[PDB]
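Since the structure comes first, as structure tokens, the remarks are kept for the end.
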Amino acid sequence: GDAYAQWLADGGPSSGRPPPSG
């Protein structure tokens, strides 16, 4: 899913959330 694009924008792992799968 497009959630990964936002996940990286939030600093990736730094954000404090699991990387979306699809």
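Convention: chains lettered A, B, ... in structure tokens order; per-chain residue numbering from 1; ligands numbered from 1 as shown.
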
Please provide the set of residues having any atom within 12 Å of residue 22 of chain A, restricted to only C-alpha atoms, with same-chain residues fewer than 6 positions apart removed, written as a ChimeraX atom specification.
/A:1-5,7

Same residues, N, CA, C and O atoms, output as a compact mmCIF listing (two decimals), in the first residue's frame:
```
# COMPACT_ATOMS: atom_id res chain seq x y z
N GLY A 1 0.81 -1.21 0.00
CA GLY A 1 0.00 0.00 0.00
C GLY A 1 0.84 1.26 0.00
O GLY A 1 2.06 1.21 0.18
N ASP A 2 0.19 2.41 -0.20
CA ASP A 2 0.88 3.70 -0.22
C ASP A 2 1.31 4.16 1.18
O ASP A 2 1.99 5.18 1.33
N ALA A 3 0.91 3.40 2.22
CA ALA A 3 1.26 3.74 3.60
C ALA A 3 2.78 3.79 3.80
O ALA A 3 3.27 4.58 4.61
N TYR A 4 3.52 2.95 3.06
CA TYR A 4 4.98 2.91 3.17
C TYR A 4 5.60 4.26 2.80
O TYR A 4 6.56 4.69 3.43
N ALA A 5 5.03 4.92 1.78
CA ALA A 5 5.53 6.22 1.34
C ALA A 5 5.48 7.23 2.49
O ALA A 5 6.40 8.02 2.67
N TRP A 7 5.25 6.31 5.73
CA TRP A 7 6.07 5.75 6.80
C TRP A 7 7.51 6.27 6.72
O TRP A 7 8.09 6.68 7.72
```

Residues of chain A in alpha helix (DSSP H) according to DSSP, as a PyMOL selection string?
chain A and resi 3-9

For residue 6 of chain A, work out the shell of residues within 12 Å, counting only C-alpha atoms and skipping chain neighbours fewer than 5 positions away, then give it as number ranges by chain.
A: 1, 11-13, 15, 17-20
